[PDB]
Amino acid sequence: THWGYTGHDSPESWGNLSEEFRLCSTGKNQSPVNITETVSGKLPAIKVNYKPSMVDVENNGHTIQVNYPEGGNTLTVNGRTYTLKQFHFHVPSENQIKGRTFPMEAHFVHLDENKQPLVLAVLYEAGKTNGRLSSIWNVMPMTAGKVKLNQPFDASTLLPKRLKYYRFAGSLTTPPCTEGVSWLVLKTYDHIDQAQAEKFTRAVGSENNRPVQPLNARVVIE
């Protein structure tokens, strides 16, 4: 079932496109969000266990995605271990800090041993070229399709050494907009060239950010 971010199947509409997309419009704990007021708490430390792996790079029509066939890239938070499935990108940013939208956002999507989903978000401010992403941008499929990268890729290089985060509970930002997703949103920003962002957008064919959704009852810890 066709969906996108412009025209007639835009997010404002996802709910009605089929009956299994319905939480997109009826959900009360939907992502993304504007992080304005927060509650200062002592959050458990992120331990990252990323290493180089043989990824491959996909334009699925909505984002540019880096798929991890094997485990081995994990994340430990508060005892539970969370395995990296893929990462992908929204231009511009989906989530906001104090009303501010960033040139780009990355999403590291994990599953624990119970299939409880965790998204680890990185926010990219304007600046110099991102040299650590250049490897993905080079083979970036500019239409729907998959290219399998010859050289191992190391996502360890895409995360900060400083790992403070915002913690709220949410949903997928894409249909079926499934809830029960944990959102860790990192505070130390990375950077992108304007050229890297235009090129992403060429590939995908539009701005691929879902508008922010009401927090309703939710507190964002920081």
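In case it trips you up, residue 1 is the first one in the sequence shown, and so on. If you superpose the two forms and keep the largest set of C-alpha atoms that fall within 1.5 Å, you have the rigid core.
Line up the rigid core: which moves more in 7 other deposited structures of this protein, 149-157 or 55-63, by C-alpha RMS?
Farther on average in 7 other deposited structures of this protein: 149-157.
Looking only at CA atoms, which has the higher mean B factor in the entry: 175-183 or 159-167?
Taking the mean C-alpha B-factor of 175-183 and of 159-167, the larger value falls to 159-167.
Mean C-alpha B factor from the entry: is it higher for 194-202 or for 210-218?
Averaged over C-alpha atoms, the B-factors run higher in 194-202.
Quick one: which of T83, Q86, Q96, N138 shows the highest Cα temperature factor in the PDB entry?
Largest recorded C-alpha B-factor: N138.
So if I compare the CA B-factors in the entry for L123, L118, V91, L149, which one is the largest?
Result of the comparison over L123, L118, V91, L149: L149.
Third of chain Cα B-factors occupied by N60:
Middle third - that is where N60 ends up once the chain's C-alpha B-factors are sorted.
Using only modelled residues of the chain, where does the Cα B factor of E70 rank: lowest third, middle third or highest third?
Ranked within chain, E70 CA B lands in the middle tercile.
Please place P103 in the lowest, middle or highest third of its chain by C-alpha B factor as given in the entry.
For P103, whose C-alpha B-factor we compare with every modelled residue in the chain, the answer is the lowest third.
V109 - which third its CA temperature factor falls in, relative to the rest of the chain
Its C-alpha B-factor belongs to the lowest third of this chain's values.
Could you look up the Cα B-factor of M54 in the entry and say which third of the chain it sits in: lowest, middle or highest?
For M54, whose C-alpha B-factor we compare with every modelled residue in the chain, the answer is the middle third.
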